[PDB]
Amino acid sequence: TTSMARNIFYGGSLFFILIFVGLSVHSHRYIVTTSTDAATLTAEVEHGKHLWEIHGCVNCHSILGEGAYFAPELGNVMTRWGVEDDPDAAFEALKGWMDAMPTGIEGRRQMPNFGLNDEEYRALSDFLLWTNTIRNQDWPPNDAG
């Protein structure tokens, strides 16, 4: 029955690819129009994502529960800091933290300093904020990340 098993495979696979591509096209639109705010996805937020990327935060941190497991989830850091509805306080809170790293503390995990200017801190602050608003099924469970 080998040529059958082949045909189940070639054919039944093709079936599920289609369903997947259909499903993805739906999901792509759900993301763009409903679950993330396009209007708030400003030039700063892009520049923030880019900064996020080039300094390699993801390889210490996680964002929406994806990344590394070495440092706090930052997908909701702004809520954790009671600062989510205030863009200026967020910027302030982030700059204060990053300026302080590395702690240097013995026995404690260490974050680098990237030599970031204030335009840049703003970019990151705005992006982490914008991330905090992504409608993602009530994850995480609480404020602790």
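The first residue of the sequence shown is number 1, and the count goes up from there.
Enquirer: Comparing 61-69 with 116-124, where is the mean C-alpha B-factor higher?
Expert: The stretch with the larger mean CA B-factor is 116-124.
Enquirer: Out of 126-134 and 7-15, which stretch has the higher average CA B-factor listed in the record?
Expert: 7-15 has the higher mean C-alpha B-factor.
Enquirer: What's the residue among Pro102, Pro87, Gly56, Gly48 with the greatest CA temperature factor in the PDB record?
Expert: Spelled out: the listed residue with the top C-alpha B-factor is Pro87.
Enquirer: Compare the C-alpha B factor of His28 with those of the other modelled residues in its chain, then answer lowest, middle or highest third.
Expert: Middle third, going by the recorded CA B-factors of the chain.
Enquirer: Going by the recorded CA B-factors, say which third of the chain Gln110 sits in, lowest, middle or highest.
Expert: Lowest third - that is where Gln110 ends up once the chain's C-alpha B-factors are sorted.
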